[PDB]
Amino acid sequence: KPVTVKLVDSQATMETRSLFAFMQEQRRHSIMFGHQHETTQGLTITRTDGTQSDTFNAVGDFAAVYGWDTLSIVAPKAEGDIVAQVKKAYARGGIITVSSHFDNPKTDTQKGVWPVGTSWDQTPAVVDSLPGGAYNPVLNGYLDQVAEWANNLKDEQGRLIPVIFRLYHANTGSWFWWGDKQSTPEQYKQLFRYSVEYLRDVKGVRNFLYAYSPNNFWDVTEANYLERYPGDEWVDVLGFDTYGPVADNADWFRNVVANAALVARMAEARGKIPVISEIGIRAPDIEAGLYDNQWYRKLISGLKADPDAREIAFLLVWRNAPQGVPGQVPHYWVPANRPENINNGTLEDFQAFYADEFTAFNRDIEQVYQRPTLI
C-alpha cells in the first residue's frame, strides 16, 4: 500500500523515500540497533573489509544501522575510505547513517597541535563560514566532497544508496565549532539550512535524509528542543545524543526516556522519524576500565515500557576501537566476545538485549528499500 511521504528533498530517489517509509512503520514494532564503525572497527575482527563485526561475534547478527562519519569522506579522510563497507552493508539490507565531524573551516590550515583545525577546535567558525564570511569557500569544499561521495555511492544495479546524514550534532554544547557558545540560535539554523541547500540544490544530492541531533536536555521541553531546531522544511529525522555515568545512573536513564518520549511525540506531530542518534556510557568511565553489566538491559527495559519512547526507530552506540585510545585505554561500547566481557558480565547483558523481542538487528529488517511511496 503506497504511503505519502514528505522529505526535505522533494526529488529524493525511490529507495530514499522507501527508507523513510520503512522507519515510519517499523518504529512502532521494534527499536533497531545501530553501531558506529560496525564492520570497520572491532576488538575481535580480523578484517576491516566490511564482512565482520564485534556485534556479529557477540550475538550472531550484524547491527541493523551502520554508522560512519565524514572523517571517512572529506580529505584528509583520517578514518579511511568506507565506500566498499557501505556497499556491503546495503547489500545485506542494512541502513546507513553518516555523522559530520567536519574540520574547523576558519583554522583547518593550522593543524599541528591537536585539536587545532578539527571539529574540537572551539574557535567559533559559524559566522565566518556562511556566505559573506571569509571561510565560506572552505566549508563549501567540504560539502563538495560530501556531495561527490553521495552522488557516486551506487549499488550493484547502479542505483544510489540512501544515507541518513546527521549534520552539526551535539550543537547545544560548546565542544565543537558550531556549538552554542560559537553561534546564536539563528546563526546555527542558517549554517544547517545553508548546508542542506548546498548539498540538495547546488550539488544535486538525491540520496540523503537529513537528521538533527542536539544533546539531551535536563529540562525536557519542546521549547528547549526548538531553540536551535532548523525547522520542519530542513529535517527528516529528529534525534538527540546522550552519554551518562557508569554508576548510579537511574536518573540518567529516566532522562534518556524523557528525551526519547519528547522527540517521539514531536516526530508524530511533524511527520518525522524520531531516533536516539548516539547513546552510551561516557568515554572517560569506559577509559578508566569501568563497566555496567546491566546497561543494555536497563536501556531496552526503560525505552519499551514508555508509550512514547518505545516509538523511536533506532538507537546507536559508538565505535569499538581495536586498540583503544591513548591513555592505551579501552574505548568501546559493544561488549566483545572475549574473556574480559565474559567475566565482567557485559557480554551476557548485550546477548539479553539481542534476545529481547523488541530489538531489531540486520536479519530482522526486511524490504527496507522497495516500499512504494507517494509525495
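For every residue, the number given is its place in the sequence shown, counted from 1.
Gap between residue 327 and residue 328: 1 to 3 deposited residues without coordinates. With 337-345 and 47-55 compared on mean CA B-factor from the PDB entry, the stretch scoring higher is 337-345. Higher average CA B factor: 328-336, of the stretches 65-73 and 328-336.
For the set 148, 155, 108, 278, the maximum C-alpha B-factor listed in the entry falls on 155.
You'll see in the entry that, of 259, 215, 249, 122, the Cα B factor peaks at 249. Ranked by Cα temperature factor within the chain, residue 100 sits in the middle third according to the deposited record. For residue 230, the recorded CA B-factor ranks within the lowest third of the chain. Only modelled residues enter the ranking. Among all modelled residues in this chain, the alpha-carbon of residue 294 has a temperature factor (C-alpha) in the highest third. Among all modelled residues in this chain, the alpha-carbon of residue 116 has a temperature factor (C-alpha) in the lowest third. Per the deposited record, the Cα B-factor of residue 355 falls in the highest third when ranked against the other modelled residues of its chain.
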